[PDB]
Structures are given as C-alpha cells and as structure tokens.
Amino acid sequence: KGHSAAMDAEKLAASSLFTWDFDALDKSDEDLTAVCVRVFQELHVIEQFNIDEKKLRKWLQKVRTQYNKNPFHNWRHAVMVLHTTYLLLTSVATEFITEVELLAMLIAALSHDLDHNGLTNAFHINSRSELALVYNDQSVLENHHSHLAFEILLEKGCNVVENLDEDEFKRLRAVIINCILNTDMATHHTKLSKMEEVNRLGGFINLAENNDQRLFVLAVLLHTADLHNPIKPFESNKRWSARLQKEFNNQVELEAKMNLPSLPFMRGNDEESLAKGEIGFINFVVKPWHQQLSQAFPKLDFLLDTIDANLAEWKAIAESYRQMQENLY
C-alpha cells in the first residue's frame, strides 16, 4: 500500500555493488551468487516481502541449473542483465516504480533467457521446431523463457513470491510476462517508435499514476539491460561479442546440416567480421535507441559516451583490416 518503492538512489549508488564496469566473466560461481543476493538485499525487497532467504538461494540455484553452457546466452549473461537492471532502475526509476514491480524486474532479468540453446527465433521457425509448434511462431524463445520463469518460481521450495497477495502477484506476473516478451528483438523497432513519439510530446508525464505507460518504461529498461555489450568497457564489449559470434557460427553450421537458410551476417568467424558487425549494430540499433532513451532520461546520457568510445574502437580495428585488404587490389 505504497506510492513508490522504498529506494533512495544516492544511498544505493554509494555501495560497492554500484559499478557500471561490472562484468560477470571476471567473477567466480560463488561471487555471482553473492551479487544476486546483494541486489535483492540492498534494494530492500527481501525485507519488504518477508522473503525466505533459503528459498531465494534455492531459487537462484534452480535458475542457474536451467541455463545452458552457451558461449553467450548463459548464467553469466543473466547475472549481467540482473545487475544492469539494478543500475538502470536505481538511476531513473526510484520515484515511480512500485515495490512489487521492483521485485518483478529482478526476477524477470535473471529469468529472461532461461534454457536458451544458442539458437535464434528464426532457426526455430525455419526448422519447425517443437518450440515453434507450441508457440505458433510468436516470440518462440521469449514465450519459452517466461513459461520456465514461472515453472521454476511457483515450485514450493523456490517460491520467493509466496507472501504476495492476489493483486500483487497479478501485477508481478503481468510485469514479468510483458518485459520478457519485449526482449524479443523483433519488437525493438515498435518500442523505438513509441519512445520517439513520447519524446516529441515533451516526455513522460506522471509515470507514478499511468500504469500502462510505466510498464512500457520497465519493458524499455529491461531491453536496455539485455543489450549490455556496447555500454560496458571495451574489453567487456569484445569478449561478449566474440562469444555471440561463436553462437552465430554454430547456428549457421547447424542450419547447413539441416538444409535451412542462413543469414549472411552470421557467417563471419574472424576479428574483421566481428568489428564490422559491431559497427553496424551500434550505428543502427544501439545508438539510435540510447539517443531516444537519453532524451527521456537525461541522467543516462553518459552511456552515449561509452557507446561512442566502443564504436571508435571497433572502427579502428576495421580500418586496420581494411588497410591490409585494400593492397591486394
């Protein structure tokens, strides 16, 4: 029965947990567990919902065991999205997000890629996979992730939301479903267009009262945290991007063995292809997204300087390879 969640951003930002340079690749298994628990603890959701910390840790374990050992879409990617969501909500959402929606964003971020196998939605649709048949080609993977999120959560020993009442769980369920389904890259352009129209009209007006407009912002922020590669230091940008390229190469190899069409961008398997793909992805997807995001939330415009520094680095790598490839001609 509160107006907004119990958060003071400046106390939260003073913690050693608050660092935009966080990279799960440099953390051990026990370190990642501590990060997830610390996010829940420092955001006060454990005490606000009387969360059994034995169920929280059991739920965390069950979440990790349902992620697969993929190069990119793995348990460390989930923790990266959880931690980045914690950074984004602390920066801009402290005064309109509710307590239940805050708990929902933490669960959704950690659960958003459950049981990923390093294959894209196009593979499932083209191969007519069992998952594609279940979901009738509609956001196949994201529907699968959200389903397993609740199958794991509603289990008795992992029920971290056991103390929520009917109305609170209904809102938590709606927030998790909408935010995970909006991690589908096929819905990126629609959210970008709506953000542009909102920015044309001056911006968001009283988010604490407009429930549907507040949910849109939460979906926008989780999608932002999902694309964490270009907003991290370049060493983090390069290691994760090289891991995604490995998944792309494995899919093309599987698609050829199954006589399925492949997209030409996924075929590149060297450093020059990596840099060229990152330049295009940043110039046409990430940068226009954060330009609209920084206009609605100017506190986040420092991310544009991180995106530009990484973009300048990838262009230096591409220029070196092109300078070596032009001499053949």
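When you see a residue number, it is the position in the sequence shown, counting from 1.
Engineer: I need to verify one thing: averaged over C-alpha atoms only, is the B-factor higher for 209-217 or for 138-146?
Structural biologist: Stretch with the higher mean C-alpha B-factor: 209-217.
Engineer: On average, which has the higher Cα B-factor in the deposited entry, 172-180 or 227-235?
Structural biologist: Of 227-235 and 172-180, the stretch with the higher C-alpha B-factor average is 227-235.
Engineer: For the CA B factor values reported in this entry, which option in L43, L263, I51, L60 has the top one?
Structural biologist: If I rank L43, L263, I51, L60 by C-alpha B-factor, first place goes to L263.
Engineer: Of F248, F123, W75, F204, which one's C-alpha B factor is largest in the deposited record?
Structural biologist: When the deposited C-alpha B-factors of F248, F123, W75, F204 are compared, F204 is largest.
Engineer: Please say which third, lowest, middle or highest, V160 falls into when its CA temperature factor is compared across its chain.
Structural biologist: It falls in the top third of the chain.
Engineer: Using the B-factors in the PDB entry, rank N70's C-alpha atom against the chain and give the third, lowest, middle or highest.
Structural biologist: Ranked within chain, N70 CA B lands in the lowest tercile.
Engineer: Per the entry's values, where does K257 land by CA temperature factor relative to the rest of its chain, in the lowest, middle or highest third?
Structural biologist: For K257, the deposited C-alpha B-factor lands in the highest third.
Engineer: Pull the Cα B-factor of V37 out of the PDB entry and bin it into the chain's lowest, middle or highest third.
Structural biologist: Within its chain, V37 is a lowest-third residue by C-alpha B-factor, going by the deposited values.
Engineer: Comparing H189 with the other modelled residues of its chain, is its CA B-factor in the lowest, middle or highest third?
Structural biologist: Top third by C-alpha B-factor.
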